Amino acid sequence: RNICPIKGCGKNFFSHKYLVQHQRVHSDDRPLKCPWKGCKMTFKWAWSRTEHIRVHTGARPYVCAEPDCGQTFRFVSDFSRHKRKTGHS
DNA sequence: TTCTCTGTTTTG
DNA sequence: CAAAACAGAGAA
Ligand SMILES: [Zn+2]
Ligand SMILES: [Zn+2]
Ligand SMILES: [Zn+2]
């Protein structure tokens, strides 16, 4: 199997490629930058970025497809917890 | 709660 | 295939 060599997280990963990508966890480097003017937030992960951006735009893209629901959510986490505790879609 | 992290799945 | 998106975990 695929295992992180860093003593302290001997975590196991489905792929080797993601074993490489995983290493950013252990660096303090934060390559990805917020694109919003004068915001100094940084990330290691694009998905963090993507979602962070909607705090600036206030967008609420996740829209419940279930009839007589129609709540919306900014982040995926909220939508997944939601259908978990409702069973919609 | 609101928001970020991260491992795996899905997408194009 | 890799980039995007998911799902649920983790911070605050
Ligand atoms: Zn590790
Ligand atoms: Zn920002
Ligand atoms: Zn719903």
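The chains referred to below are lettered A, B, ... by the order of the sequence lines, with proteins before strands, and numbering in each begins at 1. Values below: every heavy atom of this structure, side chains too, minus hydrogens, waters and symmetry copies.
Straight-line distance from the CZ atom of A:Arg60 to the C1' atom of B:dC3: 12 Å, rounded to whole Å. Taking atom CD of residue A:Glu51 and atom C1' of nucleotide C:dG8, one finds them 12 Å apart after rounding to whole Å. Rounded to whole angstrom, the span from the NZ atom of A:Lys11 across to the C1' atom of B:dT8 amounts to 12 Å. Rounding to whole angstrom units, NE2 of residue A:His52 and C1' of C:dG10 are separated by 18 Å. Rounded to a whole Å, the CZ atom of A:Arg81 is 9 Å from the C1' atom of C:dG8. In this entry the distance linking CH2 of A:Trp47 with P of B:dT8 reads 18 Å, nearest Å. With rounding to whole Å, A:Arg49 atom CZ is found 13 Å from B:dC5 atom P. Atom pair A:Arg54:CZ and C:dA4:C1' shows a separation of 11 Å (rounding to whole Å applied).
Around CZ of A:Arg81, the count of heavy atoms belonging to other residues, nucleotides or ligands within 6.0 Å does not exceed 12. Atom NZ of A:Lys40 is surrounded by 12 or fewer heavy atoms from other residues, nucleotides or ligands within 6.0 Å. For NZ of A:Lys33, the number of neighbouring non-hydrogen atoms (other residues, nucleotides, ligands) closer than 6.0 Å is greater than 12.
Counting only heavy atoms from C-beta on, A:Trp45 has its side chain closest to B:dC5 among B:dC5, C:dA9, B:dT8. Closest contact between the side chain of A:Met41 and the listed nucleotides B:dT6, B:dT4, B:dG7 involves B:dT4. Proximity note for A:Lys83 (side chain, C-beta onward) versus B:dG7, C:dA7, B:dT4: the nearest is C:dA7. In the set B:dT2, C:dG8, B:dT8, B:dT2 carries the atom at the smallest distance from any side-chain atom of A:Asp78. Listed nucleotides B:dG7, B:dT4, C:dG8 differ in distance to A:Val76; the shortest reach to its side chain belongs to C:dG8.
A:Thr50 contributes no side-chain N or O that forms a donor-acceptor pair with the base of C:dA5 under 3.5 Å. Taking 3.5 Å as the limit, the base of C:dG8 and the side chain of A:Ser80 contain no donor-acceptor pair of atoms between them.
Here A:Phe75 lies in heavy-atom contact (under 4.0 Å) with a base. Residue-level contact check: A:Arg74 touches the backbone only, with heavy atoms under 4.0 Å from sugar-phosphate atoms and none from bases. Heavy atoms of A:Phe79 sit nowhere under 4.0 angstrom from any nucleic acid atom. Looking at heavy-atom distances under 4.0 Å, A:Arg30 makes contact with sugar-phosphate atoms alone, never a base.
Ring geometry, A:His52 versus A:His56: the interplanar angle exceeds 60°, so the pair is classed perpendicular (tilted spans 30 to 60°). Using cut-offs of 30° and 60° for the angle between ring planes, the A:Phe13 and A:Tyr18 rings count as perpendicular.
Only at 4.0 angstrom or more do the heavy atoms of residues 64-73 of chain A sit from any atom of DNA chain B, so none qualifies.
Residues A:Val76 and A:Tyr62 form a side-chain contact, since some pair of their non-hydrogen atoms from C-beta on lies under 4.5 Å apart. Taking the side chain as every heavy atom from C-beta outward, A:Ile6 and A:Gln23 approach each other to under 4.5 Å.
Here A:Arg84 reaches the OP1 or OP2 of C:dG8: one of its side-chain N or O atoms lies under 4.0 Å away. Close to B:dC5, at under 4.0 Å from its OP1 or OP2, lies no side-chain N or O of A:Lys44. Side-chain nitrogen and oxygen atoms of A:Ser77 include none within less than 4.0 Å of the OP1 or OP2 phosphate oxygen of C:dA7. Residue A:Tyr62 has a polar side-chain atom (N or O) positioned under 4.0 Å from OP1 or OP2 of C:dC6. A sub-4.0 Å separation between OP1 or OP2 of B:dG7 and a side-chain N or O of A:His22 is present.
Taken to the nearest 0.5 Å, the CG atom of A:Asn2 stands 14.0 Å off from the NZ atom of A:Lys11.
Closest approach of A:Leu32 and A:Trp45 over heavy atoms only: CD1-C, 3.5 Å.
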